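Naming convention: chains lettered A, B, ... in sequence-line order (proteins, then strands); numbering from 1 in each chain.
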Amino acid sequence: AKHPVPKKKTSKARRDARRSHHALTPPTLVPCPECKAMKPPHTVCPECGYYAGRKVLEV
Amino acid sequence: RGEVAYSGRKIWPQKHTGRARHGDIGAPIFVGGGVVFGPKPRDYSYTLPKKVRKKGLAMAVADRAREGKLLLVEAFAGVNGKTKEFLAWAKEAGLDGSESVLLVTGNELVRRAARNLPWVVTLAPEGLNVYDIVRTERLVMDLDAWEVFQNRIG
Amino acid sequence: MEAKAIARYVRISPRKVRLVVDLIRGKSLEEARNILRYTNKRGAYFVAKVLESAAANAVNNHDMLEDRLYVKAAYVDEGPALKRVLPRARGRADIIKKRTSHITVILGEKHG
Amino acid sequence: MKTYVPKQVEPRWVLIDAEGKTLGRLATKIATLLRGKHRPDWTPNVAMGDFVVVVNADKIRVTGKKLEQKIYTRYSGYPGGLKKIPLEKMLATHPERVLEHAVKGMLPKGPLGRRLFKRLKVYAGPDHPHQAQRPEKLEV
Amino acid sequence: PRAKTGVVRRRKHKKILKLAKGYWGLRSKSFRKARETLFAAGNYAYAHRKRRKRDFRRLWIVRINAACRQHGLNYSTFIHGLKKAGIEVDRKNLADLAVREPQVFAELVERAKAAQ
Amino acid sequence: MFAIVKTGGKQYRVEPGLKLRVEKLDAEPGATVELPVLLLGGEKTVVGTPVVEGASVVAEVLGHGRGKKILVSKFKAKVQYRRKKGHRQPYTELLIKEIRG
RNA sequence: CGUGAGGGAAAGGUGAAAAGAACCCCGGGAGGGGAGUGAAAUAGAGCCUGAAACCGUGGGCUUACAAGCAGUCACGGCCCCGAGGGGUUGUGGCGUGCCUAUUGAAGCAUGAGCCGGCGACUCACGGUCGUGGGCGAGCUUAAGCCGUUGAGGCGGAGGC
RNA sequence: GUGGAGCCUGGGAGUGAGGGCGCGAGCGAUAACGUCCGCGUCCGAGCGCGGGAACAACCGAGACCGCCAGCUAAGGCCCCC
RNA sequence: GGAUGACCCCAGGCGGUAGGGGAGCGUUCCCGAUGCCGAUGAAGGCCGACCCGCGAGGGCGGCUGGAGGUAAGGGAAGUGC
Ligand SMILES: [Mg+2]
Ligand SMILES: [Mg+2]
Ligand SMILES: [Mg+2]
Ligand SMILES: [Mg+2]
Ligand SMILES: [Mg+2]
Ligand SMILES: [Mg+2]
Ligand SMILES: [Mg+2]
Ligand SMILES: [Mg+2]
Ligand SMILES: [Mg+2]
Ligand SMILES: [Mg+2]
Ligand SMILES: [Mg+2]
Ligand SMILES: [Mg+2]
Ligand SMILES: [Mg+2]
Ligand SMILES: [Mg+2]
Ligand SMILES: [Mg+2]
Ligand SMILES: [Mg+2]
Ligand SMILES: [Mg+2]
Ligand SMILES: [Mg+2]
Ligand SMILES: [Mg+2]
Ligand SMILES: [Mg+2]
Ligand SMILES: [Mg+2]
Ligand SMILES: [Mg+2]
Ligand SMILES: [Mg+2]
Ligand SMILES: [Mg+2]
Ligand SMILES: [Mg+2]
Ligand SMILES: [Mg+2]
Ligand SMILES: [Mg+2]
Ligand SMILES: [Mg+2]
Ligand SMILES: [Mg+2]
Ligand SMILES: [Mg+2]
Ligand SMILES: [Mg+2]
Ligand SMILES: [Mg+2]
Ligand SMILES: [Mg+2]
Ligand SMILES: [Mg+2]
Ligand SMILES: [Mg+2]
Ligand SMILES: [Mg+2]
Ligand SMILES: [Mg+2]
Ligand SMILES: [Mg+2]
Ligand SMILES: [Mg+2]
Ligand SMILES: [Mg+2]
Ligand SMILES: [Mg+2]
Ligand SMILES: [Mg+2]
Ligand SMILES: [Mg+2]
Ligand SMILES: [Mg+2]
Ligand SMILES: [Mg+2]
Ligand SMILES: [Mg+2]
Ligand SMILES: [Mg+2]
Ligand SMILES: [Mg+2]
Ligand SMILES: [Mg+2]
Ligand SMILES: [Mg+2]
Ligand SMILES: [Mg+2]
Ligand SMILES: [Mg+2]
Ligand SMILES: [Mg+2]
Ligand SMILES: [Mg+2]
Ligand SMILES: [Mg+2]
Ligand SMILES: [Mg+2]
Ligand SMILES: [Mg+2]
Ligand SMILES: [Mg+2]
Ligand SMILES: [Mg+2]
Ligand SMILES: [Mg+2]
Ligand SMILES: [Mg+2]
Ligand SMILES: [Mg+2]
Ligand SMILES: [Mg+2]
Ligand SMILES: [Mg+2]
Ligand SMILES: [Mg+2]
Ligand SMILES: [Mg+2]
Ligand SMILES: [Mg+2]
Ligand SMILES: [Mg+2]
Ligand SMILES: [Mg+2]
Ligand SMILES: [Mg+2]
Ligand SMILES: [Mg+2]
Ligand SMILES: [Mg+2]
Ligand SMILES: [Mg+2]
Ligand SMILES: [Mg+2]
Ligand SMILES: [Mg+2]
Ligand SMILES: [Mg+2]
Ligand SMILES: [Mg+2]
Ligand SMILES: [Mg+2]
Ligand SMILES: [Mg+2]
Ligand SMILES: [Mg+2]
Ligand SMILES: [Mg+2]
Ligand SMILES: [Mg+2]
Ligand SMILES: [Mg+2]
Ligand SMILES: [Mg+2]
Ligand SMILES: [Mg+2]
Ligand SMILES: [Mg+2]
Ligand SMILES: [Mg+2]
Ligand SMILES: [Mg+2]
Ligand SMILES: [Mg+2]
Ligand SMILES: [Mg+2]
Ligand SMILES: [Mg+2]
Ligand SMILES: [Mg+2]
Ligand SMILES: [Mg+2]
Ligand SMILES: [Mg+2]
Ligand SMILES: [Mg+2]
Ligand SMILES: [Mg+2]
Ligand SMILES: [Mg+2]
Ligand SMILES: [Mg+2]
Ligand SMILES: [Mg+2]
Ligand SMILES: [Mg+2]
Ligand SMILES: [Mg+2]
Ligand SMILES: [Mg+2]
Ligand SMILES: [Mg+2]
Ligand SMILES: [Mg+2]
Ligand SMILES: [Mg+2]
Ligand SMILES: [Mg+2]
Ligand SMILES: [Mg+2]
Ligand SMILES: [Mg+2]
Ligand SMILES: [Mg+2]
Ligand SMILES: [Mg+2]
Ligand SMILES: [Mg+2]
Ligand SMILES: [Mg+2]
Ligand SMILES: [Mg+2]
Ligand SMILES: [Mg+2]
Ligand SMILES: [Mg+2]
Ligand SMILES: [Mg+2]
Ligand SMILES: [Mg+2]
Ligand SMILES: [Mg+2]
Ligand SMILES: [Mg+2]
Ligand SMILES: [Mg+2]
Ligand SMILES: [Mg+2]
Ligand SMILES: [Mg+2]
Ligand SMILES: [Mg+2]
Ligand SMILES: [Mg+2]
Ligand SMILES: [Mg+2]
Ligand SMILES: [Mg+2]
Ligand SMILES: [Mg+2]
Ligand SMILES: [Mg+2]
Ligand SMILES: [Mg+2]
Ligand SMILES: [Mg+2]
Ligand SMILES: [Mg+2]
Ligand SMILES: [Mg+2]
Ligand SMILES: [Mg+2]
Ligand SMILES: [Mg+2]
Ligand SMILES: [Mg+2]
Ligand SMILES: [Mg+2]
Ligand SMILES: [Mg+2]
Ligand SMILES: [Mg+2]
Ligand SMILES: [Mg+2]
Ligand SMILES: [Mg+2]
Ligand SMILES: [Mg+2]
Ligand SMILES: [Mg+2]
Ligand SMILES: [Mg+2]
Ligand SMILES: [Mg+2]
Ligand SMILES: [Mg+2]
Ligand SMILES: [Mg+2]
Ligand SMILES: [Mg+2]
Ligand SMILES: [Mg+2]
Ligand SMILES: [Mg+2]
Ligand SMILES: [Mg+2]
Ligand SMILES: [Mg+2]
Ligand SMILES: [Mg+2]
Ligand SMILES: [Mg+2]
Ligand SMILES: [Mg+2]
Ligand SMILES: [Mg+2]
Ligand SMILES: [Mg+2]
Ligand SMILES: [Mg+2]
Ligand SMILES: [Mg+2]
Ligand SMILES: [Mg+2]
Ligand SMILES: [Mg+2]
Ligand SMILES: [Mg+2]
Ligand SMILES: [Mg+2]
Ligand SMILES: [Mg+2]
Ligand SMILES: [Mg+2]
Ligand SMILES: [Mg+2]
Ligand SMILES: [Mg+2]
Ligand SMILES: [Mg+2]
Ligand SMILES: [Mg+2]
Ligand SMILES: [Mg+2]
Ligand SMILES: [Mg+2]
Ligand SMILES: [Mg+2]
Ligand SMILES: [Mg+2]
Ligand SMILES: [Mg+2]
Ligand SMILES: [Mg+2]
Ligand SMILES: [Mg+2]
Ligand SMILES: [Mg+2]
Ligand SMILES: [Mg+2]
Ligand SMILES: [Mg+2]
Ligand SMILES: [Mg+2]
Ligand SMILES: [Mg+2]
Ligand SMILES: [Mg+2]
Ligand SMILES: [Mg+2]
Ligand SMILES: [Mg+2]
Ligand SMILES: [Mg+2]
Ligand SMILES: [Mg+2]
Ligand SMILES: [Mg+2]
Ligand SMILES: [Mg+2]
Ligand SMILES: [Mg+2]
Ligand SMILES: [Mg+2]
Ligand SMILES: [Mg+2]
Ligand SMILES: [Mg+2]
Ligand SMILES: [Mg+2]
Ligand SMILES: [Mg+2]
Ligand SMILES: [Mg+2]
Ligand SMILES: [Mg+2]
Ligand SMILES: [Mg+2]
Ligand SMILES: [Mg+2]
Ligand SMILES: [Mg+2]
Ligand SMILES: [Mg+2]
Ligand SMILES: [Mg+2]
Ligand SMILES: [Mg+2]
Ligand SMILES: [Mg+2]
Ligand SMILES: [Mg+2]
Ligand SMILES: [Mg+2]
Ligand SMILES: [Mg+2]
Ligand SMILES: [Mg+2]
Ligand SMILES: [Mg+2]
Ligand SMILES: [Mg+2]
Ligand SMILES: [Mg+2]
Ligand SMILES: [Mg+2]
Ligand SMILES: [Mg+2]
Ligand SMILES: [Mg+2]
Ligand SMILES: [Mg+2]
Ligand SMILES: [Mg+2]
Ligand SMILES: [Mg+2]
Ligand SMILES: [Mg+2]
Ligand SMILES: [Zn+2]
């Protein structure tokens with residue numbers, strides 16, 4: 001290969017246009033039906049250790 | 001660039017470095033290098049014609065004469081060395097210190113007494129020069145300094 | 001009333017932590033806490049600490065009520081970079097910049 | 001003392017019947033009307049001309065042997081994608097495109113010129129659907 | 001005595017940068033790109049000060065042409081008829097009358113017909 | 001009424017009450033000048049061939065000024081040619097008193 | 001840095017005074033918020049001033065049918081300050097970067113990422129013209145000597 | 001014939017790679033955006049302006065500044081214009 | 001014209017590379033200055049749609065800054081990227 005190289009410096013406009021796809025999506029969160037805390041769905045509540053109505057995990 | 005402290009080594013090869021060519025870091029294109037046409041110790045003196053300085057001397061005194069600012073004095077009655085002594089005299093002679101005065105006299109006691117007044121420049125007549133004449137608004141001279149002046153412009 | 005915290009010289013690249021700060025700008029203090037707790041970014045840890053600091057400033061020093069607090073403004077500034085050598089092939093040294101961040105959070109009271 | 005500039009004009013709808021007219025000599029006039037240069041208040045940087053409806057665009061007329069020798073072409077961007085359609089076949093298939101192509105080639109290029117093209121409504125056959133606008137028939 | 005640059009260059013650069021406010025990208029932010037853009041801007045303004053005179057005359061003429069044809073004659077004949085009538089209302093005012101005072105413009109059309 | 005006058009080598013529709021900048025005329029402020037008339041319009045309608053004999057527009061000179069400064073700049077590439085010229089066009093500001101005719 | 005001879009940096013400034021911020025709060029710490037000091041604390045030690053490139057936050061105007069050396073001329077829309085002006089730009093007209101080198105460059109020929117700072121026609125002595133003054137068949141001193149301590153004079157050897 | 005004419009004395013240069021075109025010749029092949037001279041022109045240095053689709057030297061014409069005024073030049077006047 | 005730049009009148013010239021010439025701006029330093037501006041705020045910085053100047057530039061006003069600056073007229077250069 002012959003070492004390809006940027007022909008022109010990217011403008012402030014183009015560099016930031018490229019990053020129009022970089023924003024984070026916020027975490028998907030739902031209230032835990034036992035302790036009302038916000039937690040990811042289909043995961044054991046990290047605050048009261050409950051899942052599927054029963055206690056699974058010590059917290 | 002020859003009087004600067006660095007060595008005459010060529011900092012990197014002439015060719016094939018991708019960088020500009022350079023010799024030694026004393027060259028004036030380097031920060032910290034020699035300076036190209038900076039000042040060197042110089043003598044600014046020159047021999048102005050004797051007649052020209054003699055003419056200027058007499059003209060500069062004539063100017064004050066034509067203005068009414070040339071005063072000649074017999075002697076300095078009261079003054080014997082003390083600033084307040086000369087001050088008393090200068091008040092009797094219309095020298096209140098509202099105008100600057102070139103005081104030309106061979107009497108050193110008189111010169112010692114006046115030389116600290118901000119409005120007075122002191123000279124012995126052998127030092128009479130045009131710059132100090134034109135510097136000052138008035139010209140006060142001994143008859144003994146008036147005599148020296150006449151002898152020099154002749 | 002406004003209350004502010006600033007974490008200065010946090011040793012993390014400004015571009016990375018800004019992604020985290022964009023999540024909570026304009027958010028209520030409680031939503032921001034839950035958002036930061038499950039953000040899979042190193043910078044959630046730093047942004048959380050400044051958010052919690054500022055909310056403690058708002059309650060303890062500025063007569064602001066916790067349950068009214070939202071992120072009225074937040075932003076990341078660049079601190080002085082730590083420059084370090086990265087050896088490369090063929091006797092060449094590169095300079096790696098380990099960038100630093102100033103992290104500002106400003107809280108207000110959403111009267112509702 | 002500063003040249004007059006009109007406030008946004010209320011456009012006029014005109015109706016032209018193309019039957020028997022010469023293709024280019026009619027396009028030239030539709031171009032004028034779309035540009036609105038027949039209006040004493042003409043302004044080069046606004047759509048303020050007329051709306052022009054045309055019927056019987058399939059009965060346009062042409063001189064010489066242009067029915068067989070006039071070749072519209074389209075290039076698709078692909079190797080060998082230069083398509084050649086004679087005027088005969090175009091009248092046989094998409095007749096309204098004939099007057100449309102000729103009018104468009106006489107409008108200005110750029111944003112405004114593309115908009116004034118949208119103010120042209122070309123139809124084959126005697127009928128047209130713009131009864132709503134009540135177009136004033138024009139003898140051109 | 002030594003006379004380093006001091007303030008001189010930063011103040012020259014700022015003059016140019018101020019004049020370049022509004023330009024795109026480094027053309028308003030880099031002294032060098034600003035200066036190159038301003039060289040062009042000055043030349044265009046000179047050339048377009050000349051061109052503005054021609055641009056407006058042509059707009060007057062097209063408008064006068066439309067006002068004339070509403071009376072069954074064309075611009076080139078109107079102008080010759082005004083010449084033979086000795087009327088010297090210019091194209092700026094012809095156009096304006098043509099828009100604001102149709103009745104006066106019509107009078108002027110008659111003079112130009114009568115004077116062929 | 002309105003009137004087309006000619007001053008400073010240019011033509012202007014004027015009516016009473018109008019303030020107008022024209023090229024610099026030689027008159028002290030506050031005096032009055034008479035402008036030639038090429039056409040009268042409005043109620044009556046008179047057509048100069050080229051100037052209307054009796055007609056006149058009286059205008060008070062409000063005063064004189066210099067236009068806003070224009071940057072006259074010239075540049076030739078690859079030839080180190082640059083010119084910078086500041087231009088302010090003199091003018092007179094007139095108030096139209098009456099159309100006499 | 002180099003085996004060695006040898007090469008050879010960068011790096012100055014709180015404030016009048018440490019009065020250099022007790023104590024409380026968040027935080028493991030760093031850091032910050034209050035309190036306090038101070039004439040001043042975006043003088044808080046990463047300290048006078050604090051430009052520019054560069055990065056970010058907020059607001060005004062604007063932008064997803066559009067063809068561009070990026071501007072300019074014109075007109076209209078919005079926003080702002082109060083027969084005017086500023087900011088912005090939708091549309092229309094026009095329009096081939098700078099420098100260098102060349103017969104000829106936008107040129108697909110050279111150089112430049114961008115900003116700030118350093119960076120190139122000088123000095124001595126002679127010469128030659130021109131020029132401002134002094135003297136004029138004459139003009140002029142050199143080294144030194146005396147004086148002065150930013151005073152000037154003497155010195156005629158010599159040179160033209 | 002009073003012209004950024006001319007002549008004389010002196011100071012300061014830069015240039016000593018030209019190019020295109022018309023005409024006149026040589027060389028070449030009654031070839032070259034070819035080469036070499038002569039007379040002239042323009043570009044060079046007028047890559048400033050109008051025309052010639054675009055285009056240093058073809059046609060028009062020598063840009064001190066301003067004007068939203070008028071007349072013309074080459075070239076144009078069906079639409080883009 | 002008035003009378004030796006006192007300003008006015010009318011007229012004509014004013015594209016430009018190498019290059020010749022003329023007039024100015026600004027930077028550092030010296031005389032002016034034992035002066036004068038300055039904490040009621042120096043220099044420097046950041047704005048300005050205002051004033052003067054063809055222009056290089058000079059003013060003025062608001063903010064920053066916190067201790068210097070320096071006229072009319074002249075002199076000298078490490079003088080403008
Ligand atoms: Mg390969
Ligand atoms: Mg390979
Ligand atoms: Mg390989
Ligand atoms: Mg590679
Ligand atoms: Mg490149
Ligand atoms: Mg790139
Ligand atoms: Mg760039
Ligand atoms: Mg940008
Ligand atoms: Mg950005
Ligand atoms: Mg991109
Ligand atoms: Mg990406
Ligand atoms: Mg997101
Ligand atoms: Mg749930
Ligand atoms: Mg040496
Ligand atoms: Mg050495
Ligand atoms: Mg050494
Ligand atoms: Mg050596
Ligand atoms: Mg050496
Ligand atoms: Mg060596
Ligand atoms: Mg050696
Ligand atoms: Mg080298
Ligand atoms: Mg090499
Ligand atoms: Mg390289
Ligand atoms: Mg290099
Ligand atoms: Mg380099
Ligand atoms: Mg070197
Ligand atoms: Mg080095
Ligand atoms: Mg050296
Ligand atoms: Mg040094
Ligand atoms: Mg040297
Ligand atoms: Mg040297
Ligand atoms: Mg010196
Ligand atoms: Mg000398
Ligand atoms: Mg002698
Ligand atoms: Mg004294
Ligand atoms: Mg003393
Ligand atoms: Mg004194
Ligand atoms: Mg003294
Ligand atoms: Mg003394
Ligand atoms: Mg003494
Ligand atoms: Mg003494
Ligand atoms: Mg005096
Ligand atoms: Mg990340
Ligand atoms: Mg996540
Ligand atoms: Mg915390
Ligand atoms: Mg709390
Ligand atoms: Mg490696
Ligand atoms: Mg590696
Ligand atoms: Mg190795
Ligand atoms: Mg890098
Ligand atoms: Mg790096
Ligand atoms: Mg950093
Ligand atoms: Mg911050
Ligand atoms: Mg009008
Ligand atoms: Mg027809
Ligand atoms: Mg239209
Ligand atoms: Mg239109
Ligand atoms: Mg046919
Ligand atoms: Mg076009
Ligand atoms: Mg310098
Ligand atoms: Mg400096
Ligand atoms: Mg500077
Ligand atoms: Mg500055
Ligand atoms: Mg700018
Ligand atoms: Mg800007
Ligand atoms: Mg803009
Ligand atoms: Mg920009
Ligand atoms: Mg910038
Ligand atoms: Mg220019
Ligand atoms: Mg141009
Ligand atoms: Mg112009
Ligand atoms: Mg032009
Ligand atoms: Mg013209
Ligand atoms: Mg028309
Ligand atoms: Mg005519
Ligand atoms: Mg006319
Ligand atoms: Mg109307
Ligand atoms: Mg005017
Ligand atoms: Mg005028
Ligand atoms: Mg009259
Ligand atoms: Mg200009
Ligand atoms: Mg040019
Ligand atoms: Mg050029
Ligand atoms: Mg160029
Ligand atoms: Mg060019
Ligand atoms: Mg050049
Ligand atoms: Mg050239
Ligand atoms: Mg140039
Ligand atoms: Mg020049
Ligand atoms: Mg010039
Ligand atoms: Mg300029
Ligand atoms: Mg070692
Ligand atoms: Mg080695
Ligand atoms: Mg070692
Ligand atoms: Mg070595
Ligand atoms: Mg050092
Ligand atoms: Mg500092
Ligand atoms: Mg200090
Ligand atoms: Mg103090
Ligand atoms: Mg404690
Ligand atoms: Mg505590
Ligand atoms: Mg804790
Ligand atoms: Mg704690
Ligand atoms: Mg630990
Ligand atoms: Mg602490
Ligand atoms: Mg805090
Ligand atoms: Mg603290
Ligand atoms: Mg206090
Ligand atoms: Mg503080
Ligand atoms: Mg500050
Ligand atoms: Mg401070
Ligand atoms: Mg201080
Ligand atoms: Mg600071
Ligand atoms: Mg700072
Ligand atoms: Mg800053
Ligand atoms: Mg900044
Ligand atoms: Mg920010
Ligand atoms: Mg923004
Ligand atoms: Mg916004
Ligand atoms: Mg389309
Ligand atoms: Mg759109
Ligand atoms: Mg577009
Ligand atoms: Mg668009
Ligand atoms: Mg431009
Ligand atoms: Mg445009
Ligand atoms: Mg227009
Ligand atoms: Mg506006
Ligand atoms: Mg506008
Ligand atoms: Mg739009
Ligand atoms: Mg175009
Ligand atoms: Mg281009
Ligand atoms: Mg340039
Ligand atoms: Mg070359
Ligand atoms: Mg070559
Ligand atoms: Mg050349
Ligand atoms: Mg290339
Ligand atoms: Mg290129
Ligand atoms: Mg190459
Ligand atoms: Mg290139
Ligand atoms: Mg080469
Ligand atoms: Mg180069
Ligand atoms: Mg580089
Ligand atoms: Mg670099
Ligand atoms: Mg840049
Ligand atoms: Mg630079
Ligand atoms: Mg020399
Ligand atoms: Mg030297
Ligand atoms: Mg010298
Ligand atoms: Mg000499
Ligand atoms: Mg000599
Ligand atoms: Mg000499
Ligand atoms: Mg001499
Ligand atoms: Mg003499
Ligand atoms: Mg004599
Ligand atoms: Mg001549
Ligand atoms: Mg001559
Ligand atoms: Mg000659
Ligand atoms: Mg001769
Ligand atoms: Mg001669
Ligand atoms: Mg001679
Ligand atoms: Mg010379
Ligand atoms: Mg040569
Ligand atoms: Mg030779
Ligand atoms: Mg020739
Ligand atoms: Mg030849
Ligand atoms: Mg030859
Ligand atoms: Mg030839
Ligand atoms: Mg050619
Ligand atoms: Mg030929
Ligand atoms: Mg022929
Ligand atoms: Mg021959
Ligand atoms: Mg053959
Ligand atoms: Mg040839
Ligand atoms: Mg040939
Ligand atoms: Mg031949
Ligand atoms: Mg020739
Ligand atoms: Mg030419
Ligand atoms: Mg050209
Ligand atoms: Mg070209
Ligand atoms: Mg050229
Ligand atoms: Mg041409
Ligand atoms: Mg052309
Ligand atoms: Mg062609
Ligand atoms: Mg051409
Ligand atoms: Mg040409
Ligand atoms: Mg020609
Ligand atoms: Mg011909
Ligand atoms: Mg001329
Ligand atoms: Mg011309
Ligand atoms: Mg001329
Ligand atoms: Mg005509
Ligand atoms: Mg003709
Ligand atoms: Mg045609
Ligand atoms: Mg077209
Ligand atoms: Mg076209
Ligand atoms: Mg037409
Ligand atoms: Mg004149
Ligand atoms: Mg003349
Ligand atoms: Mg003149
Ligand atoms: Mg010239
Ligand atoms: Mg000094
Ligand atoms: Mg002093
Ligand atoms: Mg005071
Ligand atoms: Mg005070
Ligand atoms: Mg200073
Ligand atoms: Mg300042
Ligand atoms: Mg100028
Ligand atoms: Mg200024
Ligand atoms: Mg104030
Ligand atoms: Mg200040
Ligand atoms: Mg002090
Ligand atoms: Mg000074
Ligand atoms: Mg002075
Ligand atoms: Mg230098
Ligand atoms: Mg100088
Ligand atoms: Mg400069
Ligand atoms: Zn739970």
Side-chain angles (χ1 to χ4, degrees), chain A residues 9, chain B residues 7 9 28-29 31 35-40 42 47 49 51-52 55 118 123-124 126-129 132 152, chain C residues 3-10 14 18 49-50 52-57 60-62 73-78 80, chain D residues 1-3 5 24-25 27-28 31-32 43-46 105-112 114, chain E residues 1-10 12-13 23-24 26-27 29-32 35-37 39-41 44-45 47-53 55-57 76 88 90-92, chain F residues 8-11 19 23 67 70 72 76-79 81 84-87 89:
Chain A
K9 167 177 180 175
Chain B
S7 75
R9 201 190 87 261
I29 194 160
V31 168
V35 14
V36 160
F37 287 127
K40 289 291 191 195
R42 283 173 79 182
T47 311
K51 291 172 185 178
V52 163
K55 200 160 219 320
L123 278 184
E126 288 77 22
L128 192 57
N129 75 96
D132 291 324
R152 196 199 309 191
Chain C
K4 137 226 290 171
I6 300 133
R8 266 162 56 83
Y9 308 106
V10 175
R18 262 188 212 105
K49 272 204 176 184
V50 193
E52 287 303 325
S53 184
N57 298 341
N60 188 269
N61 311 310
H62 304 292
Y75 48 86
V76 178
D77 299 301
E78 177 126 26
Chain D
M1 73 237 194
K2 303 217 173 313
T3 301
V5 178
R25 305 195 170 260
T28 233
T32 310
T43 306
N45 75 339
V46 277
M106 305 175 194
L107 285 191
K109 300 310 181 180
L112 188 41
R114 289 179 229 114
Chain E
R2 173 172 188 252
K4 62 212 209 70
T5 319
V7 307
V8 173
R9 188 193 300 140
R10 161 179 76 251
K12 280 198 109 96
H13 286 192
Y23 295 171
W24 198 97
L26 303 206
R27 292 179 180 259
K29 307 287 128 46
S30 151
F31 163 75
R32 272 148 86 140
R35 182 180 209 177
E36 303 168 351
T37 309
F39 292 153
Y44 284 142
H48 296 173
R49 264 184 262 107
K50 300 297 188 168
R51 283 202 56 107
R52 181 178 48 209
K53 297 157 182 51
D55 290 338
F56 265 97
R57 164 142 170 151
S76 57
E88 282 167 24
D90 64 11
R91 288 156 193 73
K92 184 181 57 174
Chain F
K10 269 143 291 203
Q11 306 185 15
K19 290 160 174 178
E23 306 284 359
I70 296 167
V72 175
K76 289 170 180 288
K78 300 184 180 51
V79 114
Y81 173 83
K84 178 164 173 143
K85 165 178 289 311
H87 179 89
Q89 182 63 12

Self-check item: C23(G) and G60(G) as Watson-Crick or wobble pair, distances under 3.5 Å
Solution: no
Quiz item: So what does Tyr75(C) hit on the nucleic acid, given a heavy-atom distance under 4.0 Å: a base, only sugar-phosphate, or nothing?
Solution: sugar-phosphate
Practice problem: Check the distance between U72(G)'s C1' and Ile70(F)'s CD1 and give it to me in whole angstrom. | Solution: 14 Å
Quiz item: Do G60(H) and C49(H) meet the pairing test, Watson-Crick or G-U wobble with both distances under 3.5 Å?
Solution: yes
Self-check item: Assigned partner base of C99(G), Watson-Crick or wobble definition, under 3.5 Å
Solution: none
Quiz item: Is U9(H) paired to anything, Watson-Crick or G-U wobble with both distances less than 3.5 Å, and if yes, which nucleotide?
Solution: none
Practice problem: Please confirm whether neighbouring nucleotides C67(H) and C68(H) meet the stacking test: six-membered ring centres under 5.5 angstrom apart, planes under 30 degrees. | Solution: no
Practice problem: For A66(G) versus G32(G), give the span between their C1' atoms, rounded off to a whole number of Å. | Solution: 50 Å
Quiz item: When rounded to the nearest Å, what value does the distance between P atoms of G20(G) and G2(G) take?
Solution: 49 Å
Quiz prompt | Distance between P atoms of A72(I) and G59(I) (Å, rounded) | solution = 10 Å
Quiz item: Is the base of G46(G) stacked on the base of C47(G), judged by six-membered ring centres under 5.5 Å apart and planes under 30° apart?
Solution: no
Quiz item: Can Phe37(B) be said to stack with the base of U122(G), given centres closer than 5.5 angstrom and planes under 30 degrees apart?
Solution: yes
Self-check item: Six-membered ring stacking of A143(G) and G144(G), under 5.5 Å, under 30°
Solution: yes
Quiz prompt | Residue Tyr81(F), side-chain heavy atoms: nucleotide from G16(I), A70(G), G33(G) that is nearest | solution = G16(I)
Quiz item: Want to settle it: does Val72(F) or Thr28(D) sit nearer the 5' end of RNA chain H, counting the closest nucleotide to each?
Solution: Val72(F)
Quiz prompt | Integer angstrom distance from the P of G68(G) to that of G93(G) | solution = 10 Å
Exercise. Can you see which heavy atom on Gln11(F) is nearest to which on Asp90(E), and at what distance?
Key: OE1-N, 2.7 Å
Quiz item: According to a 3.5 Å cut-off on both distances, are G48(I) and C60(I) Watson-Crick or G-U wobble paired?
Solution: yes
Exercise. Please indicate whether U70(I) is base-paired to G35(I) in either the Watson-Crick or the G-U wobble sense, using a 3.5 Å limit on both distances.
Key: yes
Practice problem: With RNA chain H as reference, determine whether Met1(D) or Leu107(D) sits nearer its 5' end, using the nearest nucleotide of each. | Solution: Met1(D)
Quiz item: What about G52(H) and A53(H), stacked or not, using centres under 5.5 Å and planes under 30°?
Solution: no
Quiz item: Should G130(G) and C125(G) count as paired, given that a pair must be Watson-Crick or G-U wobble and both distances must be under 3.5 Å?
Solution: no
Exercise. With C1' as the reference atom in both, quote the distance from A33(I) to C8(I) in angstrom, rounded to an integer.
Key: 44 Å
Practice problem: Would you indicate what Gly110(D) reaches in the nucleic acid, counting non-hydrogen atoms under 4.0 angstrom: base, sugar-phosphate, or nothing? | Solution: sugar-phosphate
Quiz item: Between neighbours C69(G) and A70(G), do the six-membered base rings sit under 5.5 Å apart with planes under 30 degrees?
Solution: no
Quiz item: Between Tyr9(C) and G46(G), do the rings stack, that is, sit under 5.5 Å apart with planes less than 30° off each other?
Solution: yes
Quiz item: When rounded to the nearest Å, what value does the distance between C1' atoms of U49(G) and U64(I) take?
Solution: 10 Å
